[PDB]
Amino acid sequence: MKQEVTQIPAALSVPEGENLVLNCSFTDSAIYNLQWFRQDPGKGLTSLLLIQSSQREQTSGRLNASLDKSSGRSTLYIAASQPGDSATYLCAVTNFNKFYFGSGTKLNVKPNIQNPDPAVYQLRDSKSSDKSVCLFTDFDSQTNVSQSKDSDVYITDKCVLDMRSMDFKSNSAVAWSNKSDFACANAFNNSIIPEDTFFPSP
């Protein structure tokens, strides 16, 4: 028979501190081992757990995975999630003479922003660039950043930085363009942003 490995959800966004559940199913129960991995962007895979076909579970740290071989299922439980858990999580099984990987769960664990202070700032032009650059920053993690209506305005998704020695984390998104009918006042107009967002006078 043909092995098929299915993982759900495809993507999971959750607030830090919450427990998480990652599901893996396989249609051919004749496996030797099941393994869970994480993968960060720009990197290879890191083995988290290997469950032998004769075992029902394995634990390391905050991770616990069950295996129900006859049912064709494994569940990875991640307790008390942390931002450093953000990664793609892959389920694989080892069959008699083949190896098969699921398509993954992309996990994003969002920081709790203690004191949101949403604002859109204009960065200084560079003497060596022709772009105008705007920064939407310090919004809480429930805010969604959309793409522009304009194909020549570029907007990134929210990225979390951690100023470690200040115990401070913040979200931001960057917008830029080299078109002339473009201003920071209007850059994020296609996003639902906080009504109290600070727009400094240019």
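Numbers follow the displayed sequence, beginning with 1.
Trainee: Can you tell me which stretch has the higher mean Cα B-factor, 143-151 or 62-70?
Mentor: According to the entry, 143-151 carries the higher average C-alpha B-factor.
Trainee: Between 75-83 and 114-122, point out the one with the higher average CA B-factor as the PDB entry records it.
Mentor: Looking at the record's C-alpha B-factors, the answer is 114-122.
Trainee: If I read the C-alpha B-factors straight from the PDB entry, which of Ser177, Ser165, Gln39, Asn171 is highest?
Mentor: Within the set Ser177, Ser165, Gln39, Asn171, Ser165 shows the top C-alpha B-factor.
Trainee: Report the option among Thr88, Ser103, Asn95, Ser132 whose CA atom has the maximum B-factor in the deposited record.
Mentor: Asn95 has the highest C-alpha B-factor of those listed.
Trainee: Would you mind checking where the Cα B-factor of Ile192 ranks among the modelled residues of its chain, as the lowest, middle or highest third?
Mentor: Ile192: CA B-factor falls in the highest third of its chain.
Trainee: Test of reading the entry: by CA B factor among the chain's modelled residues, which third contains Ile51?
Mentor: Middle third - that is where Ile51 ends up once the chain's C-alpha B-factors are sorted.
Trainee: Among the chain's modelled residues, which third holds the C-alpha B-factor of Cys24?
Mentor: CA B-factor rank for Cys24: lowest third.
Trainee: Would you check the entry's CA temperature factor for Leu161 and let me know if it's in the chain's lowest, middle or highest third?
Mentor: As the PDB entry reports it, the C-alpha B-factor of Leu161 lands in the lowest third of its chain.
Trainee: Using the B-factor values recorded in the entry, state whether the Cα atom of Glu16 falls in the lowest, middle or highest third among the modelled residues of its chain.
Mentor: CA B-factor rank for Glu16: middle third.
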